[PDB]
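Chains as they are written, first to last, in the numbering used here: chain U, 1 to 434; chain V, 1001 to 1118; chain X, 2001 to 2118; chain L, 3001 to 3118.
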Amino acid sequence: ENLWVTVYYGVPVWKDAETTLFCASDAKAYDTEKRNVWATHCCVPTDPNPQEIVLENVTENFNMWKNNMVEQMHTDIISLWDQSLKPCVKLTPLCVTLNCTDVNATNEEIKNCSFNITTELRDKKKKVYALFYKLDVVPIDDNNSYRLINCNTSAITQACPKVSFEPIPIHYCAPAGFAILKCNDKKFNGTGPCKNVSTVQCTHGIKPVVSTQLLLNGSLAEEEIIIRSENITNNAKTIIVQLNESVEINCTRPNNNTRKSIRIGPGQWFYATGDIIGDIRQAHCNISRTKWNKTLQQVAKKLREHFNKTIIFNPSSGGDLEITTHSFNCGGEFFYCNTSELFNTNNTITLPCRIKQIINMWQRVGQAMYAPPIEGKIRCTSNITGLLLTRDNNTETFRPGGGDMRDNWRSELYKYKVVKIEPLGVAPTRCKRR
Amino acid sequence: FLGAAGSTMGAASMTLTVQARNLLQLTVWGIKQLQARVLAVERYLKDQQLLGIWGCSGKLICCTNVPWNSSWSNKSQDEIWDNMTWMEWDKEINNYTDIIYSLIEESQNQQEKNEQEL
Amino acid sequence: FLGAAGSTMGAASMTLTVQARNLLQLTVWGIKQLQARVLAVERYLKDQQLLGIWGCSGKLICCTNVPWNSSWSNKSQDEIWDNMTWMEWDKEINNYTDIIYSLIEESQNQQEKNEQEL
Amino acid sequence: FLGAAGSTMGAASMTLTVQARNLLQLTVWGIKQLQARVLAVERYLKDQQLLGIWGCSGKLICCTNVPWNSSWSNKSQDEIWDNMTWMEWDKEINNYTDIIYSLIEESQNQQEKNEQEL
Ligand SMILES: *[C@@H]1O[C@H](CO)[C@@H](O[C@@H]2O[C@H](CO)[C@@H](O[C@@H]3O[C@H](CO[C@H]4O[C@H](CO[C@H]5O[C@H](CO)[C@@H](O)[C@H](O)[C@@H]5O)[C@@H](O)[C@H](O)[C@@H]4O)[C@@H](O)[C@H](O[C@H]4O[C@H](CO)[C@@H](O)[C@H](O)[C@@H]4O[C@H]4O[C@H](CO)[C@@H](O)[C@H](O)[C@@H]4O)[C@@H]3O)[C@H](O)[C@H]2NC(C)=O)[C@H](O)[C@H]1NC(C)=O
Ligand SMILES: *[C@@H]1O[C@H](CO)[C@@H](O[C@@H]2O[C@H](CO)[C@@H](O[C@@H]3O[C@H](CO[C@H]4O[C@H](CO)[C@@H](O)[C@H](O)[C@@H]4O)[C@@H](O)[C@H](O)[C@@H]3O)[C@H](O)[C@H]2NC(C)=O)[C@H](O)[C@H]1NC(C)=O
Ligand SMILES: *[C@@H]1O[C@H](CO)[C@@H](O[C@@H]2O[C@H](CO)[C@@H](O[C@@H]3O[C@H](CO)[C@@H](O)[C@H](O)[C@@H]3O)[C@H](O)[C@H]2NC(C)=O)[C@H](O)[C@H]1NC(C)=O
Ligand SMILES: *[C@@H]1O[C@H](CO)[C@@H](O[C@@H]2O[C@H](CO)[C@@H](O[C@@H]3O[C@H](CO)[C@@H](O)[C@H](O)[C@@H]3O)[C@H](O)[C@H]2NC(C)=O)[C@H](O)[C@H]1NC(C)=O
Ligand SMILES: *[C@@H]1O[C@H](CO)[C@@H](O[C@@H]2O[C@H](CO)[C@@H](O)[C@H](O)[C@H]2NC(C)=O)[C@H](O)[C@H]1NC(C)=O
Ligand SMILES: *[C@@H]1O[C@H](CO)[C@@H](O[C@@H]2O[C@H](CO)[C@@H](O)[C@H](O)[C@H]2NC(C)=O)[C@H](O)[C@H]1NC(C)=O
Ligand SMILES: *[C@@H]1O[C@H](CO)[C@@H](O[C@@H]2O[C@H](CO)[C@@H](O)[C@H](O)[C@H]2NC(C)=O)[C@H](O)[C@H]1NC(C)=O
Ligand SMILES: *[C@@H]1O[C@H](CO)[C@@H](O[C@@H]2O[C@H](CO)[C@@H](O)[C@H](O)[C@H]2NC(C)=O)[C@H](O)[C@H]1NC(C)=O
Ligand SMILES: *[C@@H]1O[C@H](CO)[C@@H](O[C@@H]2O[C@H](CO)[C@@H](O)[C@H](O)[C@H]2NC(C)=O)[C@H](O)[C@H]1NC(C)=O
Ligand SMILES: *[C@@H]1O[C@H](CO)[C@@H](O[C@@H]2O[C@H](CO)[C@@H](O)[C@H](O)[C@H]2NC(C)=O)[C@H](O)[C@H]1NC(C)=O
Ligand SMILES: *[C@@H]1O[C@H](CO)[C@@H](O[C@@H]2O[C@H](CO)[C@@H](O)[C@H](O)[C@H]2NC(C)=O)[C@H](O)[C@H]1NC(C)=O
Ligand SMILES: *[C@@H]1O[C@H](CO)[C@@H](O[C@@H]2O[C@H](CO)[C@@H](O)[C@H](O)[C@H]2NC(C)=O)[C@H](O)[C@H]1NC(C)=O
Ligand SMILES: *[C@@H]1O[C@H](CO)[C@@H](O[C@@H]2O[C@H](CO)[C@@H](O)[C@H](O)[C@H]2NC(C)=O)[C@H](O)[C@H]1NC(C)=O
Ligand SMILES: *[C@@H]1O[C@H](CO)[C@@H](O[C@@H]2O[C@H](CO)[C@@H](O)[C@H](O)[C@H]2NC(C)=O)[C@H](O)[C@H]1NC(C)=O
Ligand SMILES: *[C@@H]1O[C@H](CO)[C@@H](O)[C@H](O)[C@H]1NC(C)=O
Ligand SMILES: *[C@@H]1O[C@H](CO)[C@@H](O)[C@H](O)[C@H]1NC(C)=O
Ligand SMILES: *[C@@H]1O[C@H](CO)[C@@H](O)[C@H](O)[C@H]1NC(C)=O
Ligand SMILES: *[C@@H]1O[C@H](CO)[C@@H](O)[C@H](O)[C@H]1NC(C)=O
Ligand SMILES: *[C@@H]1O[C@H](CO)[C@@H](O)[C@H](O)[C@H]1NC(C)=O
């Protein structure tokens, strides 16, 4: 029992920690001409053969709701968008009274407007035309006098015409002294001890896909639909449902669009929607009815395990398109699709969609962005991998959620935790210094 | 790395070398990365300084003076170095770090260096 | 500094103190300089950490265990420390550095610390 | 900290632990603070490097070779370690620091390490 203090260094223990993770990208497939916003060309390539180490006999407690990786990812995404939009041309010179008539959507939603704009020499103005979607144009008068929708609240910035916003899976890696732990429990919900925990050099890549009511292009649950909620009895919480099978969604912009490049100053270019070629058609999304119903039958079945009540689904209740519709980006275009036929035979469900160009991202009102037109037609294929639901008796009512973008990454980052290494400690020995 | 995290503290001593070894644009993103480099260095040095003052600078395992208390641990060495793991040990002895470090740092540095000069 | 760079490796062992000693606005220009300072520190520390794990922390010349291979060198020590220079030596053993370092880090850290506690 | 700053140099040898121990947004305010942290690290390391080259890395008090000059000090150890304080001592030996450091670095480094290999 002649036990003396021994100092140990390199002791394999850790504590929960909040630190800064760094960007890593496995793909270096893209060049520097494509200019993807996530192609930072500042961040390190990943290790093509990363090492995952299983920690036997450990029981790490995970918590997706208090996870700080979600907030960090959120902040960095906002930052990258502002950094890439900042240097481009402002559209504040277009905040003028618009003279508008309808396009020949004749025998609706596209307006043909004229402007008086400043040319490179300040004493001269030119009369120009552009087409606009109704959602971006607000009547001023009872006469045909309109304004751009956000000129009465803030500046509008044009998105850079050469910057791509197509998601690239981004890996989040820890700095030296830190480690990322992950849970490998197939039935694991948002919180609790994980009996199978491994340590990784870093996370897999997560694509920064933006969506609202439906979660697109994410990962799947391995065995069953897993429903994760911070507080399952609190109707105000978002319920995140991860599917164990994907559903394909086919979206398109059937019109052949054109682009008009308009000078609005000395190197200040504006990209206007040009003429419409061919038929005027409505944008839409295609979801197979049978896959949709099968999926929803299983979602209710699993939800019933928590409520023991009849479960029904209803359409979104109201509010701005950003909340009431399935808002997503595809190909650089911004779609707002109706989901009333989903949340409510053997055909395909066709959802009408609306398109708008002036976007207030992440509820930051006053930071409006103008999305320039894309020429030609748009074809999108995406995977529905999950749902965001909220709740409103012997029957429970679920409705599409969304709005808060944090939930979209929380749904992927639930598997990871950040801890820091604390290599020093002491224990008794029979060895003393002398 | 951490392969022995759930293992016997004694056995885990064979990983101390790896556990120690891997400790080492003008944008917001860029400054955050520079901050990360700096804090990693500062954390490293604080541990090295402490090993330094304790007289354990050249060691991963350092035997010092100061006996064990029953108020710190009442277990035999047979549980401690055979049946218990480092995470579990840390769970119990975490409340005594501010006692033990101070006891080593003053007493075993000052008494020892004075005798060495003399 | 580097006066003996083209000289005999043996003779150059007498210049190690200088070679070791000289290792130590909100603008773009300013951040580049700060970044450079941090990186210099990291390089210094990495070498010190490695000497530390090898048990060579207090030495410029450190004798360790692990014998030489014929694949590493087929020259006698008489050629090596008399006619060869450090640049020439580096040219020959450059492809065995990872090998030698691994051999030292594990074998000579574990055998020595385990026996010292015992 | 500095409690013995005005006291006897000998007595102050018991306070070296604390004196040695407490040495460790994208705005201009933020960069200045980061620069300050980097400097503190650099200063710390320069002192450690010097103790290292002198063979004093593990010590707060390090006895070396090189006798004292009458040109450096003409006082006995009885005044120096009993009546004088560290501030007063620094006032007298301030002009000899470069001399002493140079002598130690070359002589006591290279002669000693060469003899040890041999
Ligand atoms: C969920 O995941 C899914 C699955 O990944 C995502 O779905 C993908 O989304 C992609 C982006 O929306 C989409 O990619 C576009 O596809 C268009 C049509 O594809 C046909 O033609 C390509 C030709 O490929 C070859 O040429 C390109 C040119 O760069 C090369 O890059 C390739 O390597 C090849 O050499 C075929 O490969 C396809 O099989 C089809 O036949 C393309 O036209 C489009 O390219 C243009 O836009 C790019 C945007 O970055 C740009 O980089 C590229 O250079 C092109 O733009 C130039 O040319 C046009 C021509 O008018 C010009 O106007 C521009 O100014 C510029 O000069 C993309 O390649 C994927 O096809 C799609 N996958 C599927 C199965 O549909 C889904 O988006 C994601 N969902 C969510 C919500 O995130
Ligand atoms: C949206 O509308 C656009 C404008 O009409 C469409 O572009 C047109 O697409 C047709 C496809 O048949 C092209 O016709 C072919 O042209 C090539 C020769 O092209 C080259 O020479 C022409 C001369 O004007 C030049 O304009 C082109 O840029 C090329 O240099 C012929 O060899 C073929 O036989 C055939 O005639 C049109 O030329 C093309 N017009 C333009 C201005 O590009 C666009 O395809 C439509 N998009 C969709 C999705 O429907
Ligand atoms: C998705 O598309 C559906 C229809 O396909 C939209 O539902 C329709 O919404 C309008 C809202 O004005 C309803 O009109 C109102 O109906 C009530 C009925 O009493 C009437 O009193 C009001 O004066 C007004 O006419 C319309 O009836 C309703 N259609 C159906 C079949 O219910 C839905 O709003 C679209 N959602 C999104 C997010 O775009
Ligand atoms: C939506 O989810 C489905 C099901 O996971 C996806 O289908 C799968 O897509 C991957 C793409 O890498 C296929 O992997 C590769 O397929 C090629 C085919 O020649 C094969 O040679 C490669 O070795 C590799 O297996 C995978 O097989 C395919 N699964 C099935 C059952 O076809 C679909 O792509 C997803 N859609 C979206 C928009 O992400
Ligand atoms: C615990 O999690 C680990 C992953 O960390 C699982 O190990 C993987 O198992 C699959 C099975 O095919 C192998 O292909 C992988 O190569 C294994 N990965 C590693 C890192 O070894 C393990 O099977 C899980 N165990 C349980 C009980 O779920
Ligand atoms: C622009 O404003 C004018 C009137 O302020 C709109 O009406 C036109 O007025 C001129 C006056 O000479 C008539 O010759 C045109 O025939 C009128 N147009 C129509 C359709 O009656 C004009 O429509 C407005 N619209 C645009 C896009 O310029
Ligand atoms: C700004 O737009 C207005 C229309 O909204 C232009 O006013 C018309 O200009 C034409 C030019 O000959 C006149 O014939 C019309 O009578 C004007 N309308 C009215 C109601 O008087 C105005 O000229 C444009 N400014 C510039 C610089 O083009
Ligand atoms: C300036 O913007 C504010 C909103 O910040 C406008 O107020 C609301 O605008 C919406 C747009 O559809 C209307 O539906 C609301 O009814 C408006 N509020 C009220 C109380 O009527 C405001 O009207 C905008 N200014 C102008 C001149 O349109
Ligand atoms: C998944 O959710 C279930 C609850 O539906 C968790 O079970 C525990 O339930 C009791 C009931 O009193 C709570 O007090 C516990 O706090 C719940 N556990 C947790 C971690 O909160 C189940 O444990 C959850 N998943 C995991 C991985 O444990
Ligand atoms: C979900 O949250 C609600 C409240 O947000 C919890 O239930 C209520 O908690 C408040 C706290 O002051 C009490 O005053 C109420 O009386 C509680 N409600 C009831 C019916 O007792 C609820 O327990 C949480 N549920 C889960 C699963 O975490
Ligand atoms: C979405 O688009 C894809 C691609 O065309 C459709 O996949 C095709 O489906 C038909 C149906 O029998 C198959 O014969 C084709 O071979 C499939 N093509 C490919 C490339 O797999 C998919 O069915 C569409 N989804 C919807 C809802 O219409
Ligand atoms: C997790 O605990 C198990 C059980 O103690 C460890 O398995 C033992 O490993 C030793 C190694 O010499 C064997 O002698 C025992 O016979 C094994 N026990 C059984 C029941 O097979 C396992 O190695 C531990 N893993 C970690 C990381 O500690
Ligand atoms: C470059 O090489 C020459 C000879 O190859 C070195 O000169 C020798 O220096 C030693 C010093 O004791 C003398 O004993 C030899 O006699 C000299 N050799 C000749 C041929 O004169 C010279 O010092 C070397 N310089 C460096 C930096 O290595
Ligand atoms: C300042 O100087 C005074 C005396 O000059 C110090 O006081 C002495 O403290 C020792 C402590 O053992 C006593 O034995 C002496 O008798 C004291 N001297 C007198 C005259 O009382 C005092 O401690 C010094 N303070 C510092 C910081 O050096
Ligand atoms: C999960 O996917 C598998 C795939 O075969 C399927 O058999 C299983 O029934 C699915 N479970 C749910 C709840 O969708
Ligand atoms: C959709 O909602 C309408 C509301 O009247 C209802 O009549 C219809 O049956 C619903 N469709 C489905 C598939 O539930
Ligand atoms: C144990 O802690 C008590 C607390 O007062 C202390 O007095 C005693 O000396 C300690 N024993 C050891 C071995 O440190
Ligand atoms: C020399 O290389 C051979 C090749 O495998 C190796 O087996 C042997 O142990 C090496 N000797 C030394 C000193 O490393
Ligand atoms: C004292 O200074 C003289 C000046 O030349 C020097 O020669 C002598 O060696 C020095 N003594 C010591 C102890 O360095």
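Note that beta-carbon positions come from the ideal geometry of N, C-alpha and C, so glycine has one too.
Q.
Less than 7 Å between C-beta atoms, sequence neighbours within five positions excluded: which residues of the same chain meet that for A2004 (chain X)?
A. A2011, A2012, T2015
Q | For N250 (chain U) and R281 (chain U), the rounded distance between their alpha carbons | A | 16 Å
Q. Is the beta carbon of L148 (chain U) sitting closer than 8 Å to the one on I421 (chain U)?
A. no
(Q) Going by DSSP in three states, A300 (chain U) sits in which element: helix, strand or coil? (A) helix
Q. Terminal residues of the continuous alpha helix (DSSP H) containing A3036 (chain L)?
A. 3028-3053
Q. Taking C-alpha atoms, which residue in X:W2029, X:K2059, X:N2069, X:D2078 lies nearest to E3117 (chain L)?
A. X:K2059
**Q.** Pairwise C-alpha distance: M3009 (chain L) and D3082 (chain L)
**A.** 7 Å
Q: Have a look at V:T1085, V:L1050, V:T1017, V:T1064 and flag the residue whose alpha-carbon is nearest the alpha-carbon of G2052 (chain X).
A: V:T1017
(Q) Residues in the same chain with beta-carbon distance under 7 Å from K34 (chain U), minus the five sequence neighbours each way, listed in chain order, please. (A) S164
**Q.** Contact set between the stretch 2022-2052 of chain X and chain L, restricted to residues whose Cβ is under 9 Å from the partner
**A.** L2023, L2024, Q2025, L2026, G2030, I2031, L2034, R2037, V2038, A2040, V2041, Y2044, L2045, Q2048
Q) Helix, strand or coil: how does DSSP classify residue 1984 (chain X) here? A) Since the first residue shown for chain X is 2001 and the last is 2118, residue 1984 (chain X) is missing from the structure and cannot be characterised.
Q | DSSP-derived helix/strand/coil call for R1021 (chain V) | A | helix
Q: Quick one: give me the first and last residue of the beta strand (DSSP E) that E60 (chain U) is part of.
A: 60-63
Q. Sorry if obvious, but does the Cβ on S114 (chain U) come closer than 7 Å to a heavy atom of ligand 6?
A. yes
Q.
Between which residues of its own chain and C95 (chain U) is the CB-CB distance below 8 Å, once the five residues before and five after are set aside?
A. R147, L148, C151, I156
Q) Which residues mark the beginning and the end of the alpha helix (DSSP H) in which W409 (chain U) is found? A) 406-413
Q | Contact between the stretch 43-51 of chain U and the stretch 317-330 of chain U (3+ Cβ pairs under 8 Å) | A | no
Q) At a cut of 8 Å, does the stretch 306-322 of chain U reach the stretch 368-383 of chain U through at least three beta carbon pairs? A) no
Q: Answer yes or no: does any C-beta atom of chain V fall closer than 8 Å to that of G3058 (chain L)?
A: yes
Q) When the distance is taken between beta carbons, is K195 (chain U) closer than 8 Å to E223 (chain U)? A) no
Q) Which residues mark the beginning and the end of the alpha helix (DSSP H) in which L91 (chain U) is found? A) It is not in any alpha helix (DSSP H) - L91 (chain U) carries neither H nor E in the DSSP assignment.
Q: Please decide whether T3008 (chain L) counts as near chain V, where near means a Cβ-Cβ distance under 8 Å.
A: no
Q. DSSP three-state call for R289 (chain U): helix, strand or coil?
A. helix
**Q.** Test: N1065 (chain V) CB closer than 8 Å to a CB of chain L
**A.** no
(Q) Within 8 Å of any Cβ in chain U, is that where the Cβ of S1107 (chain V) sits? (A) no
Q: For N3069 (chain L), verify whether its CB is less than 7 Å away from any heavy atom of ligand 19.
A: yes
Q: May I ask you to check if the CB of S3013 (chain L) is nearer than 7 Å to at least one heavy atom of ligand 14?
A: no
(Q) Taking 8 Å as the cut-off, does the stretch 17-27 of chain U touch the stretch 1019-1038 of chain V (at least 3 CB pairs, one atom from each stretch)? (A) yes
**Q.** Contacts around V5 (chain U), its chain only, beta-carbon distance under 6 Å, and the 5 residues preceding and following it disregarded
**A.** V426
Q.
Output needed in chain order: residues of the stretch 1076-1108 of chain V with a Cβ under 9 Å from some Cβ in chain U.
A. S1076, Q1077, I1080, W1081, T1085, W1086, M1087, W1089, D1090, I1093, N1094, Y1096, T1097, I1100, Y1101, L1103, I1104, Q1108
Q: Quick one: residues in its chain with C-beta nearer than 6 Å to the C-beta of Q242 (chain U), no 5 flanking neighbours on either side, listed in chain order?
A: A221, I226, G386
Q) Taking 7 Å as the cut-off, does the CB of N383 (chain U) come closer than this to any heavy atom belonging to ligand 16? A) no
Q: Return no unless some Cβ of chain V is closer than 8 Å to the Cβ of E2115 (chain X).
A: no
Q.
So for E248 (chain U), helix, strand or coil by DSSP?
A. strand
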